[PDB]
Amino acid sequence: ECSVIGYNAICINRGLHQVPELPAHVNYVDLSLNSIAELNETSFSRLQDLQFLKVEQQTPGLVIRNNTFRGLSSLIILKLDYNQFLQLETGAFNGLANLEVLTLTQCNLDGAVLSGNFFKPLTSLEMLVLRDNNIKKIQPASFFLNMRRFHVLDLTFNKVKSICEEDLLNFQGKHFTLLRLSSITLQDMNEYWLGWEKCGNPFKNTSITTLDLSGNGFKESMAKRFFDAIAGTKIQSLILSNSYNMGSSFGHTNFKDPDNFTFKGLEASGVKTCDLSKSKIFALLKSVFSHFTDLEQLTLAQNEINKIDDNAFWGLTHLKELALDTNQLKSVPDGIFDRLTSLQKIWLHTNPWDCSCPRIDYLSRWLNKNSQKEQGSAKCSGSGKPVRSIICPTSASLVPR
Ligand SMILES: *[C@@H]1O[C@H](CO)[C@@H](O)[C@H](O)[C@H]1NC(C)=O
Ligand SMILES: *[C@@H]1O[C@H](CO)[C@@H](O)[C@H](O)[C@H]1NC(C)=O
Ligand SMILES: *[C@@H]1O[C@H](CO)[C@@H](O)[C@H](O)[C@H]1NC(C)=O
């Protein structure tokens, strides 16, 4: 009951229990949402030309036998997502020497998938998506040393209590363009952990373009330790959004805003963009950012910021883009932006600005001189006029009668 148009065969949701007879010339086959219970060598022995195979969400318990993919040397993308309780025989992916993307989201997989030989045949793999599985420890087997182009790994929504040097030993040498460690908790990596000395540097001799550690809490004391531990790792862009424990509270005394020591390990990482948006930061302290010496973009949007110290931004001479919107700022100190000499864009909107004079004098004049840089429009609380338009009267002694 498939729809075969040209090189494409769409067999989505047709109540199939086996791979159906398709024409031998097809290169794109989608068999998602069916009742196929097992895939073996005879499953694709007539579809030898496939480039894109998709077999998502079968009825639960799909088994993939040894040599199912023998001689699909043309297959580049294989998607096996949402297959509850997936069973892989350990030579399941034999033959796939040219495969570049494998996605296995939500298949109840655990660490064995990365530590056994399941992925050994995949010498060309660039992109491995393993979201929302049950991986507790990221422990890649030794063949990963030889996957020259493995560069994208997404582990979002696994619960991984820690990441350590000896865990990631076979990722040493890699350059990851996207190492996505989002929403994995890193529960054990905190103030109270005795395992820090032994953990070392999970990223020893590894480089990263985008390191996504969002949604993992990152209380100030955890960030410090974590970035000391990975001190010196080349990272181009650092995502720490939804660091739900970052910032201070009158409620729990322990908790503090990040300081000039917090991000010191990132000193020589060459970070170009840093996202700390959507967190709980209440104050920007002296020199908190003074270690990102190559920083070009910084977002602190949607925190709870209501205090910016003199020198919050010391050492950000290369910064092009700064976002401070949607906080609780009534004011900023005089001259706070003066040494941001590469500033191209700034966001200051959705803050309750107090436009009393002479408090608002510096920000108003600045926002006017730099109106081409302001994205959106910071407004005065109460009146709702733009802060750009406020001309403060001058103090009487400066213009004597
Ligand atoms: C493969 O699977 C089909 C049914 O799914 C079965 O009839 C056939 O004998 C199997 N062949 C091998 C080699 O496992
Ligand atoms: C499948 O292939 C592997 C790896 O080479 C082999 O050791 C294993 O015994 C095979 N398993 C089965 C169940 O046939
Ligand atoms: C890892 O170490 C080697 C020296 O052993 C070095 O030359 C190389 O650039 C490093 N690789 C990465 C990706 O940092």
# chains A, B, ... in the order shown; residues from 1 in each chain; ligands from 1

$ residues_around --residues "residue 254 of chain A" --least-positions-apart "4" --cutoff "10 Å" --atoms "only C-alpha atoms" --output "VMD selection string"
chain A and resid 219 to 221 248 to 250

$ closest_atom_pairs --of "chain A" --to "ligand 1" --cutoff "6 Å" --atoms "only C-alpha atoms and all ligand atoms" --output "Markdown table"
| residue | atom | partner | partner_atom_place_in_ligand_line | distance |
| --- | --- | --- | --- | --- |
| A:18 | CA | ligand 1 | 5 (O) | 5.8 |
| A:38 | CA | ligand 1 | 5 (O) | 5.6 |
| A:40 | CA | ligand 1 | 1 (C) | 5.1 |
| A:41 | CA | ligand 1 | 13 (C) | 5.8 |
| A:42 | CA | ligand 1 | 1 (C) | 5.7 |

$ closest_atom_pairs --of "chain A" --to "ligand 3" --cutoff "7 Å" --atoms "only C-alpha atoms and all ligand atoms" --output "tab-separated table"
residue	atom	partner	partner_atom_place_in_ligand_line	distance
A:172	CA	ligand 3	1 (C)	7.0
A:173	CA	ligand 3	13 (C)	4.4
A:174	CA	ligand 3	13 (C)	5.2
A:175	CA	ligand 3	13 (C)	5.1
A:205	CA	ligand 3	14 (O)	4.4
A:206	CA	ligand 3	13 (C)	4.6
A:207	CA	ligand 3	13 (C)	4.8

$ write_last_selection --atoms "N, CA and C atoms" --output "PDB file, in the first residue's frame"
ATOM      1  N   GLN A 172      39.348  11.961  22.959  1.00  0.00           N
ATOM      2  CA  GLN A 172      40.524  12.823  22.932  1.00  0.00           C
ATOM      3  C   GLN A 172      40.975  12.892  21.481  1.00  0.00           C
ATOM      4  N   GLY A 173      41.295  14.102  21.024  1.00  0.00           N
ATOM      5  CA  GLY A 173      41.628  14.355  19.622  1.00  0.00           C
ATOM      6  C   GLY A 173      40.493  14.916  18.778  1.00  0.00           C
ATOM      7  N   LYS A 174      39.254  14.587  19.122  1.00  0.00           N
ATOM      8  CA  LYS A 174      38.118  15.027  18.329  1.00  0.00           C
ATOM      9  C   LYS A 174      37.987  16.541  18.298  1.00  0.00           C
ATOM     10  N   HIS A 175      37.417  17.061  17.215  1.00  0.00           N
ATOM     11  CA  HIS A 175      36.832  18.400  17.266  1.00  0.00           C
ATOM     12  C   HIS A 175      35.341  18.223  17.076  1.00  0.00           C
ATOM     13  N   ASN A 205      42.467  17.688  25.636  1.00  0.00           N
ATOM     14  CA  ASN A 205      42.901  17.573  24.244  1.00  0.00           C
ATOM     15  C   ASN A 205      41.726  17.395  23.274  1.00  0.00           C
ATOM     16  N   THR A 206      40.619  18.052  23.601  1.00  0.00           N
ATOM     17  CA  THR A 206      39.424  18.040  22.770  1.00  0.00           C
ATOM     18  C   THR A 206      39.062  19.491  22.491  1.00  0.00           C
ATOM     19  N   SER A 207      38.563  19.782  21.286  1.00  0.00           N
ATOM     20  CA  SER A 207      38.121  21.143  20.943  1.00  0.00           C
ATOM     21  C   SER A 207      36.666  21.130  20.520  1.00  0.00           C
TER      22      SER A 207
END

$ atom_distance --atom1 "atom 12 (C, counted along the ligand's line) of ligand 2" --atom2 "atom CA of residue 64 of chain A"
10.8 Å

$ residues_around --residues "residue 91 of chain A" --least-positions-apart "2" --cutoff "10 Å" --atoms "only C-alpha atoms" --output "ChimeraX atom specification"
/A:64-70,88-89,93-95,117-121

$ write_last_selection --atoms "N, CA, C and O atoms" --output "mmCIF file, in the first residue's frame"
data_model
loop_
_atom_site.group_PDB
_atom_site.id
_atom_site.type_symbol
_atom_site.label_atom_id
_atom_site.label_comp_id
_atom_site.auth_asym_id
_atom_site.auth_seq_id
_atom_site.Cartn_x
_atom_site.Cartn_y
_atom_site.Cartn_z
ATOM 1 N N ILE A 64 16.954 -5.523 15.594
ATOM 2 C CA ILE A 64 17.763 -5.388 14.385
ATOM 3 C C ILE A 64 18.889 -6.413 14.443
ATOM 4 O O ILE A 64 19.772 -6.349 15.307
ATOM 5 N N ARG A 65 18.841 -7.360 13.511
ATOM 6 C CA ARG A 65 19.752 -8.504 13.496
ATOM 7 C C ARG A 65 21.099 -8.161 12.856
ATOM 8 O O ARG A 65 21.233 -7.151 12.161
ATOM 9 N N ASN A 66 22.086 -9.019 13.109
ATOM 10 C CA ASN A 66 23.396 -8.945 12.467
ATOM 11 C C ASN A 66 23.268 -8.884 10.950
ATOM 12 O O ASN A 66 22.490 -9.628 10.351
ATOM 13 N N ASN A 67 24.041 -7.988 10.345
ATOM 14 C CA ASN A 67 24.140 -7.866 8.888
ATOM 15 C C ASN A 67 22.850 -7.421 8.193
ATOM 16 O O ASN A 67 22.664 -7.680 7.000
ATOM 17 N N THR A 68 21.971 -6.733 8.918
ATOM 18 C CA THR A 68 20.755 -6.187 8.314
ATOM 19 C C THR A 68 21.118 -5.248 7.173
ATOM 20 O O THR A 68 20.449 -5.245 6.142
ATOM 21 N N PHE A 69 22.193 -4.483 7.356
ATOM 22 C CA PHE A 69 22.619 -3.507 6.356
ATOM 23 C C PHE A 69 23.865 -3.937 5.522
ATOM 24 O O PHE A 69 24.532 -3.083 4.922
ATOM 25 N N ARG A 70 24.170 -5.239 5.447
ATOM 26 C CA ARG A 70 25.305 -5.690 4.616
ATOM 27 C C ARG A 70 25.147 -5.166 3.189
ATOM 28 O O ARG A 70 24.159 -5.454 2.508
ATOM 29 N N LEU A 88 19.285 -4.308 19.592
ATOM 30 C CA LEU A 88 20.293 -4.387 18.552
ATOM 31 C C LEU A 88 21.168 -5.602 18.794
ATOM 32 O O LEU A 88 21.763 -5.729 19.861
ATOM 33 N N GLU A 89 21.257 -6.495 17.813
ATOM 34 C CA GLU A 89 22.320 -7.490 17.821
ATOM 35 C C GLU A 89 23.595 -6.703 17.540
ATOM 36 O O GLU A 89 23.532 -5.693 16.843
ATOM 37 N N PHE A 93 24.850 -2.901 12.588
ATOM 38 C CA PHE A 93 25.201 -1.908 11.586
ATOM 39 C C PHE A 93 26.380 -2.291 10.680
ATOM 40 O O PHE A 93 26.971 -1.413 10.054
ATOM 41 N N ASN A 94 26.701 -3.584 10.569
ATOM 42 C CA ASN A 94 27.771 -4.024 9.657
ATOM 43 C C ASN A 94 27.550 -3.516 8.230
ATOM 44 O O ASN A 94 26.415 -3.381 7.779
ATOM 45 N N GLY A 95 28.635 -3.230 7.523
ATOM 46 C CA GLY A 95 28.529 -2.770 6.150
ATOM 47 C C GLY A 95 28.356 -1.276 5.960
ATOM 48 O O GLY A 95 28.761 -0.736 4.927
ATOM 49 N N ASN A 117 30.552 -2.607 20.650
ATOM 50 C CA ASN A 117 30.995 -2.513 19.259
ATOM 51 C C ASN A 117 29.873 -2.187 18.270
ATOM 52 O O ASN A 117 30.069 -2.220 17.059
ATOM 53 N N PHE A 118 28.703 -1.840 18.782
ATOM 54 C CA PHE A 118 27.568 -1.496 17.919
ATOM 55 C C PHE A 118 27.962 -0.498 16.827
ATOM 56 O O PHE A 118 27.663 -0.707 15.654
ATOM 57 N N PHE A 119 28.667 0.562 17.211
ATOM 58 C CA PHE A 119 29.049 1.597 16.252
ATOM 59 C C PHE A 119 30.426 1.431 15.585
ATOM 60 O O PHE A 119 30.864 2.324 14.856
ATOM 61 N N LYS A 120 31.095 0.301 15.799
ATOM 62 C CA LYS A 120 32.421 0.080 15.214
ATOM 63 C C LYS A 120 32.446 0.085 13.672
ATOM 64 O O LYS A 120 33.400 0.560 13.080
ATOM 65 N N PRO A 121 31.410 -0.450 13.012
ATOM 66 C CA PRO A 121 31.387 -0.385 11.552
ATOM 67 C C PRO A 121 31.221 1.017 10.966
ATOM 68 O O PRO A 121 31.456 1.198 9.767
#

$ residues_around --residues "residue 330 of chain A" --least-positions-apart "4" --cutoff "8 Å" --atoms "only C-alpha atoms" --output "PDB file with C-alpha atoms, in the first residue's frame"
ATOM      1  CA  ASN A 306      18.820  44.717  39.026  1.00  0.00           C
ATOM      2  CA  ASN A 351      13.366  46.853  31.971  1.00  0.00           C
ATOM      3  CA  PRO A 352      11.658  49.198  34.464  1.00  0.00           C
ATOM      4  CA  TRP A 353      13.900  52.176  33.754  1.00  0.00           C
ATOM      5  CA  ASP A 354      13.695  55.107  36.207  1.00  0.00           C
TER       6      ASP A 354
END

$ residues_around --residues "residue 122 of chain A" --least-positions-apart "3" --cutoff "6 Å" --atoms "only C-alpha atoms" --output "PyMOL selection string"
chain A and resi 96-97+119+125

$ closest_residue --among "A:111, A:61, A:247, A:116" --to "ligand 2" --atoms "only C-alpha atoms and all ligand atoms"
A:116

$ select_by_dssp --residues "segment 44-271 of chain A" --states "strand (DSSP E or B)" --output "count of residues only"
38

$ residues_around --residues "residue 199 of chain A" --least-positions-apart "2" --cutoff "6 Å" --atoms "only C-alpha atoms" --output "ChimeraX atom specification"
/A:164-165,195-197

$ select_by_dssp --residues "segment 122-252 of chain A" --states "helix (DSSP H, G or I)" --output "PyMOL selection string"
chain A and resi 142-146+169-171+196-199+220-229

$ residues_around --residues "residue 232 of chain A" --least-positions-apart "5" --cutoff "9 Å" --atoms "only C-alpha atoms" --output "list in words"
residues 204, 227, 265, 266, 267, 268 and 269 of chain A

$ atom_distance --atom1 "atom CA of residue 315 of chain A" --atom2 "atom CA of residue 374 of chain A"
21.3 Å

$ atom_distance --atom1 "atom CA of residue 331 of chain A" --atom2 "atom CA of residue 245 of chain A"
24.7 Å

$ closest_residue --among "A:21, A:145, A:277, A:74" --to "residue 43 of chain A" --atoms "only C-alpha atoms"
A:21

$ closest_residue --among "A:63, A:194, A:71, A:10" --to "ligand 2" --atoms "only C-alpha atoms and all ligand atoms"
A:63

$ closest_residue --among "A:92, A:159, A:8, A:325" --to "ligand 2" --atoms "only C-alpha atoms and all ligand atoms"
A:92
